[PDB]
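Only one chain is included here, represented as structure tokens and corresponding to the form deposited in one PDB entry.
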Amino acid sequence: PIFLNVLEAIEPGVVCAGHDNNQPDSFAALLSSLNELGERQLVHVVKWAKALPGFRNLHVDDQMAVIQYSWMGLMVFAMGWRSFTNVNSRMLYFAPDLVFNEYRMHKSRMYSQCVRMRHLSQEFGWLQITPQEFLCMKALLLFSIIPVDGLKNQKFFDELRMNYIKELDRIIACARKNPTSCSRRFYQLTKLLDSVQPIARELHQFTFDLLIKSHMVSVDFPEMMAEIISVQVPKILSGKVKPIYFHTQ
């Protein structure tokens, strides 16, 4: 059980947003706290990714690029899981000190996006996703978005992705003596993974638009946050960098 041992060992712990929950809810305060949380989560995601089996097989510039492109999707998927395990998917558990109820979904001006994220969280319950399926799916999500023109060394990436697919297949919750069971399960989980990508795109769009207007609406963007959103995110939004889907959309 070496692979699952590693994934459990490297899984990030609790990350707080630093939000003041004693102040009335406002757009500026909610989004400033989400941005700070995004910066804090990025730091954890980088450390996590660099500790994954085989990650150092990637060329050095490909390493940071892969992390940066996948960051939003990784955050959303983990947040959906937190929401499932902590509040039964009824609210969005961004952090212990930043939990969105319906009022905050509205006040953040992100209601439609939050609906999609809550639906993702509900899928963990509907499909009875195991914590081990979650960990393997999240690892595979890192290797699910790349430039259409390819990476510096695309071969090493393709091999990594292949192996992460095989590890997911190995531990899916099914009865092996009935092949139909495992086929159905793999189909369900690949559909679930695909569904992260349109959600990440909506968040990319929202966050990009907010950065551009941030001076007008009093929303603060931290340094590393802002660089990714102005340099890497537009490569996604302009179609230079595209998600890898299992099924044809």
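The first residue of the shown sequence is 1; numbering continues from there.
What comes next is about the form deposited with a small molecule bound, which does not appear here.
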Notebook entry, point to check: Might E167 be said to contact the small molecule in the entry with it bound, defining contact as any heavy atom within 4.5 Å?
Noted result: yes
Margin query: At 4.5 Å between heavy atoms, is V60 in contact with the small molecule in the entry with it bound?
Written below: yes
Next item on the list: Give a yes or no for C174: in the entry with it bound, does one of its heavy atoms lie within 4.5 Å of a heavy atom belonging to the small molecule?
Entry: no
Checklist line | Contact test in the entry with it bound: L193 vs the small molecule, heavy atoms, 4.5 Å | finding: no
Checklist line | Site check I129, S144 and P243: each within 4.5 Å of the small molecule in the entry with it bound by heavy atom | finding: no
